[PDB]
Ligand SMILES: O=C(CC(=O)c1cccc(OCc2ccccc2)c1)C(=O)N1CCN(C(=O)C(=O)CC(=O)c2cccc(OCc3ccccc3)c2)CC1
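We begin with a single chain expressed as structure tokens, specifically the form solved without the ligand.
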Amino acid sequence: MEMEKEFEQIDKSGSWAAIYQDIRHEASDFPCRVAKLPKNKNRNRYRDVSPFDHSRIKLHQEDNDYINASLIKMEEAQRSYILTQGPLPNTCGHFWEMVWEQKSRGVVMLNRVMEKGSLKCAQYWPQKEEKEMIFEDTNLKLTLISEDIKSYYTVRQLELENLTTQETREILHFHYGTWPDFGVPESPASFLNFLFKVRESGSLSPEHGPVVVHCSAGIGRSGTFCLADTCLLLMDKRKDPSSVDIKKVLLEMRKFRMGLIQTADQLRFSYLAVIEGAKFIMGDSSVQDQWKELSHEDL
């Protein structure tokens, strides 16, 4: 309601850039001293994207507990997310160690391994059933069990095994294939179709650890995904769309990780996705079938 009136106003006055820059100016600034230690330079994909000390995920290793990953703990919405960079060749074991220790059930990947001619993410999961991966540094084994390939995204079932204890867990991998770096999804429908696939899996349940969300830096596409989900959840808990202030929610999220949402068009898209998703939240169940058709997932 109030967010739709605000959307129309911003969009008629052509002021998304100024709205977005105001968010950047008001965003929190907290120290990232661990991320900037010399021994961690090769654990960071981007010099200017670091986790805050207060919200960084710590590995349960005695040597070096550092990974470029942040816990976004949304107190009012009662949902947590782990946002992280795309793993590097030397941090793939750390990534799966974090998944194990945090008891996550789902991993949401919003990028491709190669984008714009460069390698934006290591190949951190196995592409063939018969070629499992072993992470010797963290003593974990990862096997591809099956995969469901749709036209613009893929859902994989992985088996993660702690080789120390021989315990195994099913991890779901939700891989969005058509969301360009620094860009927006092709439509609200295709974004929402994917988001509700993650939701329906149970991966966002409070019974599990936080879902792990990443793109290449873990702030732009990842921030858009989490902002839309949190806004929809807030509206759902209250059953009241007009009670949600997207910009306040984004500023709250930015207390836990810098730079969430990287462009004014990604902010604008977040409004579009939440406004459209509100139709489902407020009881028009049939719109989910509409998104599935408009997303052309079965092509």
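All residue numbers refer to positions in the sequence shown, first residue = 1.
*Taking the mean of the C-alpha B-factors per stretch from the entry, tell me the winner out of 133 to 141 and 215 to 223.*
The entry gives the higher C-alpha B-factor average to 133 to 141.
*Out of 99 to 107 and 179 to 187, which one has CA B-factors that are higher on average in the deposited record?*
It is 179 to 187.
*Of the options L192, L83, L158, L163, which has the highest CA B factor as deposited?*
Highest C-alpha B-factor among the listed residues goes to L163.
*In terms of CA temperature factor as recorded, identify the highest of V274, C32, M253, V244.*
The record points to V244.
*Can you work out whether the C-alpha temperature factor of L88 puts it in the lowest, middle or highest third of the chain?*
Bottom third by C-alpha B-factor.
_Entry-reported Cα temperature factor of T230, expressed as the chain third it lands in_ = CA B-factor rank for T230: lowest third.
*Please place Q78 in the lowest, middle or highest third of its chain by C-alpha B factor as given in the entry.*
As the PDB entry reports it, the C-alpha B-factor of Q78 lands in the middle third of its chain.
*Which third of the chain does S151 land in by C-alpha B-factor: lowest, middle or highest?*
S151: CA B-factor falls in the highest third of its chain.
*Split the chain's modelled residues into thirds by Cα B-factor; is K41 in the lowest, middle or highest one?*
For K41, whose C-alpha B-factor we compare with every modelled residue in the chain, the answer is the highest third.
Another form, the form deposited with the ligand bound, is not on view; read the next lines as being about it.
*Given the ligand superposed in from its position in the deposited bound form using nearby C-alphas, should this pocket be scored open or blocked (3 or more ligand atoms within 2.4 Å of backbone or C-beta)?*
Check flagged, pocket reads blocked.
*Using heavy atoms and a 4.5 Å cut-off, decide whether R56, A69 and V213 all contact the ligand in the deposited bound form.*
No residue of the spot touches the ligand in the deposited bound form.
*Looking in the deposited bound form, any heavy atom of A217 within 4.5 Å of the ligand?*
Judged by the heavy-atom cut-off of 4.5 Å, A217 is in contact with the ligand in the deposited bound form.
*Taking the ligand in the deposited bound form, which residues of 38 to 69 have any heavy atom within 4.5 Å of it?*
Read in sequence order, the residues that approach the ligand (within 4.5 Å, in the deposited bound form) are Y46, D48, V49.
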